[PDB]
Asks: 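What follows is a single structure, and I will ask about it in a moment.
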Amino acid sequence: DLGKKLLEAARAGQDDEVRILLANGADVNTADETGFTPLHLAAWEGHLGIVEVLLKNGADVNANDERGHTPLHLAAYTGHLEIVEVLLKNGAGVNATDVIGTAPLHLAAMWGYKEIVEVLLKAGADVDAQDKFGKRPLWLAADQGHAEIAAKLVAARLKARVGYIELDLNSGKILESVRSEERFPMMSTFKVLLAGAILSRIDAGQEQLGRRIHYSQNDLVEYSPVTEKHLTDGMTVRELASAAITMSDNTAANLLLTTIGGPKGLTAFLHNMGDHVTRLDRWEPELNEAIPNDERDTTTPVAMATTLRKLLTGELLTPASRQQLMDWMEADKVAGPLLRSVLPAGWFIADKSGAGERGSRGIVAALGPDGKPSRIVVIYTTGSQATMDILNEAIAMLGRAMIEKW
């Protein structure tokens, strides 16, 4: 009797009628044919006031319908932030799963409710919750092209800071950004900047691609896949550049650094072209230590992205050197598992990845469809204790989101 009245009053957003009905002894936890309660319907319809009145009158905050949907599920599905928060405050199960394994975080992530994802994660939502069909929030967000949400889920999964930025090549317009102004260890991504500094000296006639560099077995550092094979005859600047970028040859990077005056030399080159943030302080491999709150050998996503854009399309380098820099990055062969792994057929990518200690991982890239680069993307993370496979996957999923949003 009063139950039908309360259910439709709650659904209809009739605040005063709900108060009257409950005051006349109506069952606050009455259920319809499918198990929906007044709280379900109020949460679904966005009736914040009524949601609060129902809970004040002792509504079951975690009531299930036939299919296991809770009020929180419905609020998440419908994007009613304030209601989500009230439900959690009143003891809503943040990790409640319906009959097919869907949690509220699946729904918030799928429908792109950024703030609701934030609130759910902070309330203790399991980021890697898998439904009956194997789907996870990160995967839903990525397939939907919700890149910002994807970054949040990656950070929660890795339990680490994640920074990224995406800018237009022609205009320089920042198109996407998360923690783009925070510092992250550069790792081997710095090598693209080193390359630019070398090419600059070449433009000035102070260096030659064909100049031969002789070094000793004592100069070798972990790892020296190319340089360790040419200790007798040495290698040209050109050959060292290719090895550093495309083969991540650390000794090659160090040898090229020496020619510009070490980490101080690169930092001076950077400062002089307008990057007052990016700094290199150490050589390979020590620069990858990624000590927490250590500003040595760090950049910000925007600083790196801006600097990289200036080298590739700006006036810092000649067209010849500009092209050579891009070419070295396109011929990158030690960056399989990140952006290249989720890049659609026919797309262009020129990139450089980096890995270090304390889950440090990152990538800089110029990419785009139709065989031409049209945007720069930079992604960094550090602090995670995750395995290397999980780091790679997480960053790949982040790129999978960006490509979807493209």
Side-chain angles (χ1 to χ4, degrees), residues 127-128 138-139 141-142 147-148 150-166 176-194 222-223 244-250 253 278 280 282 284-305 308 329 332-343 349-367 376-403:
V127 63
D128 282 326
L138 180 57
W139 272 248
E148 292 188 17
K152 291 223 178 71
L153 297 165
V154 162
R157 179 164 194 156
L158 301 178
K159 295 182 175 56
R161 280 188 305 116
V162 179
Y164 80 80
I165 190 168
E166 176 186 318
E176 208 66 35
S177 165
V178 169
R179 295 183 183 266
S180 69
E181 305 282 339
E182 288 180 13
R183 281 186 176 275
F184 292 85
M186 270 190 295
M187 310 155 294
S188 296
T189 65
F190 94 91
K191 290 174 189 185
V192 299
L193 305 180
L194 169 61
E222 289 186 309
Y223 298 115
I245 295 173
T246 65
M247 297 293 283
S248 63
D249 191 305
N250 277 347
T278 309
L280 187 69
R282 287 175 296 178
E284 291 282 11
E286 291 78 23
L287 58 81
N288 302 286
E289 196 174 359
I291 294 175
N293 302 14
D294 187 351
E295 294 202 352
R296 290 182 299 175
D297 311 305
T298 58
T299 187
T300 65
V302 68
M304 169 60 77
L308 184 59
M329 290 174 66
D332 184 17
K333 297 179 179 61
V334 295
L338 305 176
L339 297 183
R340 283 168 187 268
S341 77
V342 297
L343 199 72
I349 183 164
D351 60 346
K352 183 74 189 81
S353 64
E357 294 177 31
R358 271 163 279 273
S360 289
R361 199 77 173 99
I363 182 162
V364 297
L367 79 176
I376 282 162
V377 181
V378 175
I379 300 172
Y380 290 112
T381 181
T382 185
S384 179
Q385 291 287 119
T387 172
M388 187 58 58
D389 283 339
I390 285 179
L391 285 166
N392 295 334
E393 186 185 24
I395 296 169
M397 288 305 297
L398 183 48
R400 186 173 160 182
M402 288 167 166
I403 292 164

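When a residue number appears, it is its place in the shown sequence, counting from 1. Side chains included, hydrogens not; waters and symmetry mates left out as well; all remaining heavy atoms used.
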Asks: Got a second to check how far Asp297's CG is from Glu284's CD, nearest 0.5 Å?
Replies: 9.0 Å
Asks: Which heavy-atom pair separates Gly354 from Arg361 by the least distance, and what is that distance?
Replies: O-NH1, 2.8 Å
Asks: Could you check whether any side-chain heavy atom of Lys191 comes within less than 4.5 Å of a side-chain heavy atom of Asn250, counting everything from C-beta outward?
Replies: yes
Asks: One pair to check against side-chain contact (heavy atoms from CB on, under 4.5 Å): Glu148 and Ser177. What are the steps and the verdict?
Replies: CA-CA 8 Å; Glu148 292 188 17; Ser177 165; over 6 Å; no
Asks: Under a 4.5 Å cut-off applied to non-hydrogen side-chain atoms, are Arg400 and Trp139 in contact?
Replies: yes
Asks: Is there a side-chain contact between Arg296 and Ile291, using heavy atoms and a 4.5 Å cut-off?
Replies: yes
Asks: Any chance you could measure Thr298, atom OG1, to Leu280, atom CG, to the nearest 0.5 Å?
Replies: 9.5 Å
Asks: Kindly compute the distance separating OG1 (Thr299) from CD (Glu182), expressed to the nearest 0.5 Å.
Replies: 12.5 Å
Asks: Could you check whether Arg282 and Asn288, counting side-chain N and O atoms only, form a donor-acceptor pair closer than 3.5 Å?
Replies: no
Asks: Roughly how far apart are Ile349 CD1 and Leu343 CG, rounded to 0.5 Å?
Replies: 5.0 Å
Asks: Which heavy atom in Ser188 sits nearest to a heavy atom in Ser353, and how many Å separate them?
Replies: CB-O, 3.6 Å
Asks: Between the main-chain N or O of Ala155 and the side-chain N or O of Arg161, is there a donor-acceptor pair closer than 3.5 Å?
Replies: no
Asks: Could you tell me which non-hydrogen atom of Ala147 sits nearest to which non-hydrogen atom of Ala401, and how far apart they are?
Replies: CA-CB, 3.8 Å
Asks: Which pair of heavy atoms, one from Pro301 and one from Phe184, lies closest together, and at what distance?
Replies: CD-CD1, 3.9 Å
Asks: Would you indicate whether the side-chain heavy atoms of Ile395 and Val154 approach each other to under 4.5 Å?
Replies: no
Asks: Any ion pair linking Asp128 and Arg157 (charged N to carboxylate O, less than 4.0 Å)?
Replies: yes
Asks: Quick check: do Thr189 and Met304 have side-chain heavy atoms less than 4.5 Å from each other?
Replies: yes
Asks: Show, in sequence, the C-alpha distance, side-chain angles and deciding distance for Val377 and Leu367, and conclude whether the side-chain contact (heavy atoms from CB on, under 4.5 Å) test is met.
Replies: CA-CA 8 Å; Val377 181; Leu367 79 176; 3.5 Å; yes
Asks: To the nearest 0.5 Å, how far apart are CG in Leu339 and CD1 in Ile363?
Replies: 4.0 Å
Asks: Is there a donor-acceptor pair closer than 3.5 Å between any side-chain N or O of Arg179 and the backbone N or O of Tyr164?
Replies: no
Asks: If we only count heavy atoms from C-beta on, is the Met186 to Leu193 side-chain gap below 4.5 Å?
Replies: yes
Asks: Do you know the tightest heavy-atom contact between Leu391 and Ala386?
Replies: CD1-O, 4.0 Å
Asks: Are any non-hydrogen side-chain atoms of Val178 and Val162 less than 4.5 angstrom apart?
Replies: no
Asks: Please check: side-chain N/O of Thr300 versus main-chain N/O of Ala303, any donor-acceptor pairing under 3.5 Å?
Replies: yes
Asks: Got a second to check how far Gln385's CD is from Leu158's CG, nearest 0.5 Å?
Replies: 11.5 Å
Asks: Would you mind reporting whether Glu393 and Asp389 have side-chain heavy atoms less than 4.5 Å apart?
Replies: no
Asks: Considering non-hydrogen atoms only, spot the tightest contact between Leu338 and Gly362 and give its length.
Replies: CD1-O, 4.0 Å
